[PDB]
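J.:
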Amino acid sequence: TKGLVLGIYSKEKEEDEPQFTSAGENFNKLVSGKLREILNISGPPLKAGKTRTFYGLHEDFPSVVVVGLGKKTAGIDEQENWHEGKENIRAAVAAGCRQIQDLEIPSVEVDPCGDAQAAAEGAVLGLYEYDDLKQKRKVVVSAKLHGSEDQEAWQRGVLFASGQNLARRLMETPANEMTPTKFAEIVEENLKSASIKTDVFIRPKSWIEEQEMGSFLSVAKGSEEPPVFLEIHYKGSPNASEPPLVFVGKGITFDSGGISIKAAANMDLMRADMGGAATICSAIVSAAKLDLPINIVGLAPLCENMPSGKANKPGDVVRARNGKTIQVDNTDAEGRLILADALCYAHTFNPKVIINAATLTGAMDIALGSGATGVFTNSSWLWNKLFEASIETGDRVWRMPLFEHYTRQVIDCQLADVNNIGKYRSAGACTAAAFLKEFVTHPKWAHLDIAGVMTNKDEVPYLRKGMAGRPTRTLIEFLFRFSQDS
Amino acid sequence: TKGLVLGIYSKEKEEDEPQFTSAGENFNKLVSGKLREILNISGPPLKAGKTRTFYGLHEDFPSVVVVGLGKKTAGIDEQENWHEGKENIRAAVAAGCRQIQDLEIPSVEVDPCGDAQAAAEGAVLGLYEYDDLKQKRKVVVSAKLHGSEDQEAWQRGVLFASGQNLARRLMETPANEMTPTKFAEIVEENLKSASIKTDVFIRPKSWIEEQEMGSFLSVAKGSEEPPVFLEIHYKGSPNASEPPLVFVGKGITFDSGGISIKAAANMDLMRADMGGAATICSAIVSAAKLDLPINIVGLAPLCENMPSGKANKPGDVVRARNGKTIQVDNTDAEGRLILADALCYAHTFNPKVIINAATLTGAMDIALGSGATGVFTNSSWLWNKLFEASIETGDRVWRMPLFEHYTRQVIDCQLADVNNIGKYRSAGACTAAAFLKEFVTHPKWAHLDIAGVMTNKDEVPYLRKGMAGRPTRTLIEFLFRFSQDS
Amino acid sequence: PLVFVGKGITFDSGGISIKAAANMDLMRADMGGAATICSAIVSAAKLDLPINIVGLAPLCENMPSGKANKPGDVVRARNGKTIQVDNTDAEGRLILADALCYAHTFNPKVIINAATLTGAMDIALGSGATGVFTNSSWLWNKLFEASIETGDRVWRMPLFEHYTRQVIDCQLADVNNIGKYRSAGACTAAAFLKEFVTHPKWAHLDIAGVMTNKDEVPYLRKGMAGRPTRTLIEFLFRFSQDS
Ligand SMILES: C[C@H](CS)C(=O)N1C[C@@H](Sc2ccccc2)C[C@H]1C(=O)O
Ligand SMILES: C[C@H](CS)C(=O)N1C[C@@H](Sc2ccccc2)C[C@H]1C(=O)O
Ligand SMILES: C[C@H](CS)C(=O)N1C[C@@H](Sc2ccccc2)C[C@H]1C(=O)O
Ligand code: NA
Ligand code: NA
Ligand SMILES: [Zn+2]
Ligand SMILES: [Zn+2]
Ligand SMILES: [Zn+2]
Ligand SMILES: [Zn+2]
Ligand SMILES: [Zn+2]
Ligand SMILES: [Zn+2]
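Protein chains in written order, with the working numbering: chain A, 1312 to 1797; chain B, 1312 to 1797; chain C, 3 to 245.
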């Protein structure tokens, strides 16, 4: 059994009937107009993201799912900050593929819908499900481009989507499996499979201690799970000495909050508190697969945050790699602690830019939810590049303020140079960002608080319920454009 | 456009292919085997509750939805306490009708599926949606029996389902619309439309005061919304002097908890705190439509429970109609307060049985959730009758204990004869039931705590998300059988 | 005229969806939206700006009583849209729905509303800046530029259908006065308001985070801040000269 997903646009006022994509019209022609005929008979027109299934139209395609693509000329939506057409395609195709999968069809050919990359992303992101630990699973669906004219674009979409799906897998996987060591090993095998122009160092605790990362170590010690500092190098630049772009990701494989223990409700989701590491590492893996002509370094401090007889204690003062002391008033604000040391280390690479990602604050979720990743940056150039890339990917970013106003609230510290929690409970994502900035001197640094986009329920149509792996594609697009432009 | 819902059973080992119902096979014959042909082509067999849509099979039915009915011989499931076949039909048909509605088809003919009543209930309960206050609504679907051989059974199903839908409407409707007065007027018009052998008395506050219902009055006074004591009579017995069956329902049109105010989260659902009144009144309306040969009296104290300068105050002692004093330690345990007076009044009718329904305790929800209505009764005969009726309707009941063990915890009262909350927080539904029992001397009394079945998310397949109107059909079935048996 | 709308809840107890006792006294400033836009207009008048301005401020208290809004109640806005009041403490958007509808009758050049609308806004940006939701980048830029001068900063927040979807997914009515999820509270609140706006140049300022000052703004003693009144004044001044 082989399924087929075909797109149809919303009817324009000047048109007598909704128009099929080129593939749709061709298939209709192939079946002597039976597709149009049955679609007409089926009832109301298919709107954006809606689907309808027709059976027995062609011996090779017992199941044909037509999906609504919305307005054919839908481009950049000035109000939504994204290319609407691409988003329509991703959603429609995802919906179509899910329908094919529900019919238990193992193979599906997908209409490029005028944008093969978007179509591929919809199919690949849409079909993804982390079901490795389930006895009962949906049929594995192999999605392929319908036709052979948009191959590179289609594969580009598969690549981008696969990068995000890698992040989703890493985030979704339970923490007892996805330990710091396991995460590092999976990223290592993926990066090495992507290109041999790579180096991966799964730095052990001894190295971390040697690097004087007391902040990171303070978080890790509460747990019996060994911490690791993942360092990955992708040497894509023609010039080996070319300064690299450095990505840093919060890799808390599991966050119980530590002594400042979290509430039980939905704490299981904290297995994705390493989403920052997942997204930046996956983006680098994808950059390597794209063979981007740039040098990139990925840094991911990985550990668990657990309560125990040797765990971080509220009030404890720890020393970051840069010598700055930190008062750990709340052990559940551990992401900024490990990032302090990772960000310090990031400067040793004399990077062109430093971008960190982290499921850093619930405040970010309360601020923008899953609508967009919050971006704190001291460079409007960098903000604009990330923003422009997000318009293309649809995985939106929204700028958040890096004001001294917030810095003042974290450096007002009773015992040390900086407190790991603001003196007020307001603007949690902003004070967390201000804290990170105290460990950054680089002129082009961007902090992405992805706590709000850590999961998906139904907000992003082409992502099934679960860890979202956002905004991996936006980072990939950013890297791609940087390798071409910047 | 006219849609068609046809059923197909799960294939038995001895059969070469899954068997259609009589209507399905006949339609297939009508379309020269095209239905079977396309179903075969469509893929995997249809399992219970699953559906698949085929277009253009017949000029009169552009859309045909085949629904899986499960095992043809599925009967009473000893482990689930219900007739599985009927439940399969209700679910499958509901699913089929929802599919027809999504296609925006205004008319649908429904396969009786070997049990027209179950089919009708699935279609009518399944299509129901309270959308009176919405500008955007789904297409109104008119469901009718496919064929003309199972008319009475089909109409019986429509009647039962309509009774439940009336309860759902009353429960779902916002409290500012569904006031005590409005509820009474809607029940009145429905009962009177059902039969002229009825009397309805929308008793005003003056009557309530005359009846010395101090407990009920104490609850109502906090709100500016006038309370009413709905009294409905259905004189179906050939003998006017025949003792009536008396139904009592908690009619709190809105419960804020009063001075013992509720938390904000999901308090909107308390607009259905009159579900007890809704279900028993709807059951009586349906009994009247069925023209059951029995006398039935419905009693529903209706009021709001609001905080104000004259509302019930914790610790206040009120006097029930029977002279018993009640210490109101928690003003949010108001349902038992109004029921105390209604139950007392119920005895004046020298009833054969007294059955009250109420969304009485969150404890009931914690106990059985929406799996079944908790039934507290001092009569195993009555319990068995309710239980047997529930097997048929699928709207299950589960017996809960009326032990002195619980009574002791409510009569251990600091200031009065009985405390409106137990001395311990355990067995909340049982102590609430024990409280009610202090106002009952009748040998055949059953208290139904329907708090757990007040709403539906997806537990009952044939009920869309919202107020469930449960267990209205079980009460109707009980009445029907009582009119025939008892 | 340019039309300004301000949430004027003189006191908010939350109503039946009653607030916690801690610091509820600050809710006497839940009319800050009305205060800032009205004050800005007074100042515009004192500046004798050559423009027509209309100020709209629905004013009332939100109290619990025997006749108060009940969770689940469905009310009808001036534009005929029904609203499910799931949380009576999300009352600012309820009164603004009617005020925003009325604002359109003036065929305004722009519609700007201010409101101490969500605690989510405070959690989002605190007192660092007023959150600005607008369907006009031109309007956003004008407000932003004015804020640079006044120092009473504004920061743009998203008006995405993403949030709209979460408020129009309503059990009983056209729109629910609280999102289906607890995330992005200021954004869903803004989306709710947008359902009562058809104007091409509308800006919603959630000033809940800048309602008070402790010591963040050096030149403001502890207490209600009256922000971002000056930014609105500057905006009006420049509009009277430029736009
Ligand atoms: C998503 C983050 C990172 S794991 C997180 O859970 N935080 C960070 C801080 S915020 C915070 C909460 C209270 C006082 C001070 C700061 C602690 C914890 C929380 O919200 O209680
Ligand atoms: C569903 C019922 C009826 S409205 C309800 O809400 N109850 C009844 C009592 S239980 C209760 C709770 C604490 C102490 C004593 C009794 C009060 C209220 C509640 O759960 O807090
Ligand atoms: C500052 C605003 C306006 S007065 C406010 O207090 N809100 C608005 C809503 S948010 C909200 C909270 C819980 C569920 C749904 C929405 C209610 C109240 C609050 O935070 O509990
Ligand atoms: Na994980
Ligand atoms: Na109701
Ligand atoms: Zn934490
Ligand atoms: Zn964390
Ligand atoms: Zn109550
Ligand atoms: Zn109640
Ligand atoms: Zn409020
Ligand atoms: Zn308010």
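For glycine and all other residues, C-beta sits at the position ideal for the given N, C-alpha and C.
1) Once the 5 residues before and after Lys-1546/A are set aside, which same chain residues still bring their CB inside 8 Å of it?
2) Using three-state DSSP, classify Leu-1481/A as helix, strand or coil.
3) Ligand 11 heavy atoms versus the CB of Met-29/C: any closer than 8 Å?
4) Whether or not the region 1573–1582 of chain A and the region 1650–1665 of chain A are in contact is what I'm after, with contact meaning three or more pairs of Cβ atoms, one per stretch, closer than 8 Å; do they touch?
5) Using a beta-carbon distance below 9 Å, is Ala-1674/A in contact with chain C?
6) Who are the Cβ neighbours of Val-177/C in its own chain at under 8 Å, not counting the five residues just before and after it?
7) Quick one: is the Cβ of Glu-1483/A within less than 8 Å of any heavy atom of ligand 4?
8) Return the CA-CA distance between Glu-1500/A and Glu-1542/A, expressed in angstroms with no decimal places.
9) Examine chain A for any beta-carbon lying closer than 9 Å to the beta-carbon of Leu-1414/B, and answer yes or no.
10) Could you give the DSSP three-state label for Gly-1733/B: helix, strand or coil?
11) Does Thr-190/C have its Cβ less than 9 Å from a Cβ in chain A?
12) Could you give the residue range of the alpha helix (DSSP H) that holds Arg-1710/A?
13) Just to confirm, are residue 1811/B and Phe-1565/B a CB contact at a threshold of 9 Å?
14) Are there any heavy atoms of ligand 4 lying less than 8 Å away from the beta-carbon of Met-1617/A, as far as the coordinates show?
15) For the region 90–111 of chain C, enumerate the residues whose C-beta is nearer than 9 Å to any C-beta of chain B, in chain order.
16) What residues in its chain sit with their C-beta under 8 Å from that of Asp-1640/B, if we drop five residues either side in the sequence?
17) Just the chain A side, please: which residues come within less than 8 Å of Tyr-183/C by C-beta, in chain order?
18) Pick out the complete alpha helix (DSSP H) segments inside the region 1421–1493 of chain A, 4 residues or longer, and give them in chain order.
19) Give a single yes or no on whether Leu-1601/A has its beta carbon closer than 8 Å to a heavy atom of ligand 7.
20) At the level of alpha carbons, what is the spacing between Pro-1373/A and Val-1435/A?
21) If you run the structure through DSSP and keep just helix, strand and coil, what is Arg-167/C?
22) When the distance is taken between beta carbons, is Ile-1666/B closer than 9 Å to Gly-1562/B?
23) Using CA coordinates, which residue listed in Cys-1724/A, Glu-1348/A, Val-1342/A, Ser-1343/A is at the minimum distance from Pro-1329/A?
24) With distance defined between alpha-carbon atoms, name the residue in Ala-1531/A, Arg-1630/A, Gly-1560/A, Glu-1703/A nearest to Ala-1657/A.
25) Could you check which residue in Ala-99/C, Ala-175/C, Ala-70/C, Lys-182/C has the C-alpha nearest to that of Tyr-165/C?
26) For a minimum of 3 consecutive residues, which ranges assigned as the beta strand (DSSP E) are wholly contained in the region 1626–1689 of chain B?
27) Report yes if the C-beta distance between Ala-1744/A and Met-1711/A is below 9 Å; otherwise report no.
28) Who are the Cβ neighbours of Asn-1633/A in its own chain at under 7 Å, not counting the five residues just before and after it?
29) Taking contact to mean at least 3 C-beta pairs separated by less than 8 Å, is the region 1782–1789 of chain B in contact with the region 52–68 of chain C?
30) Kindly list, in the order they appear in chain C, the residues whose Cβ is closer than 9 Å to that of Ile-1563/B.
31) Check each residue of the region 151–170 of chain C: if its Cβ is closer than 9 Å to any Cβ of chain A, include it; give the result in chain order.
32) If you follow the alpha helix (DSSP H) that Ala-1334/B is part of, which residue opens it and which one closes it?
33) Helix or strand or just coil, what does DSSP make of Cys-172/C?
34) Quick check on the burial criterion: 16 or more other C-beta atoms within 10 angstroms. Buried or exposed for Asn-1392/A?
35) For chain B, find out if any of its Cβ atoms is closer than 9 Å to the Cβ of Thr-1362/A; answer yes or no.
36) Cβ of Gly-17/C less than 9 Å from any chain A Cβ?
T.: Judging by the given coordinates:
1) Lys-1508, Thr-1509, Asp-1510, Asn-1606
2) helix
3) yes
4) no
5) yes
6) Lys-83, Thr-84, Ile-85, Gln-86, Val-169, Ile-170, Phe-194, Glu-197
7) yes
8) Between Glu-1500/A and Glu-1542/A, the C-alpha separation is close to 13 Å.
9) yes
10) coil
11) Cβ-Cβ to chain A under 9 Å: yes for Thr-190/C.
12) Taken as a continuous stretch (DSSP letters only), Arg-1710/A belongs to no alpha helix (DSSP H), being part of the beta strand (DSSP E) at 1708–1711.
13) Absent from the model: residue 1811/B. The displayed extent of chain B is 1312 to 1797, so no value can be given.
14) no
15) Listed in sequence order: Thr-90, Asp-91.
16) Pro-1625, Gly-1626, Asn-1730, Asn-1731, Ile-1732
17) Simply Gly-1680, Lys-1768.
18) 1427–1438, 1462–1483
19) no
20) 22 Å
21) helix
22) no
23) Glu-1348/A
24) Comparing Cα-Cα distances from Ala-1657/A to each of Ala-1531/A, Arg-1630/A, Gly-1560/A, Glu-1703/A, the minimum goes to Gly-1560/A.
25) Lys-182/C
26) Here the runs fully enclosed are 1627–1630, 1636–1639, 1664–1669, 1684–1688.
27) Yes. Within cutoff.
28) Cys-1655, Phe-1750
29) no
30) Within 9 Å Cβ-Cβ: nothing; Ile-1563/B doesn't reach chain C, min ~11 Å.
31) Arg-155, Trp-157, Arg-158, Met-159, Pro-160, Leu-161, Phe-162, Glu-163, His-164, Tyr-165, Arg-167, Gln-168
32) 1333–1341
33) coil
34) By the C-beta density criterion, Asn-1392/A is buried, having at least 16 other C-beta atoms within 10 angstroms.
35) Chain B contact via Cβ: absent.
36) no
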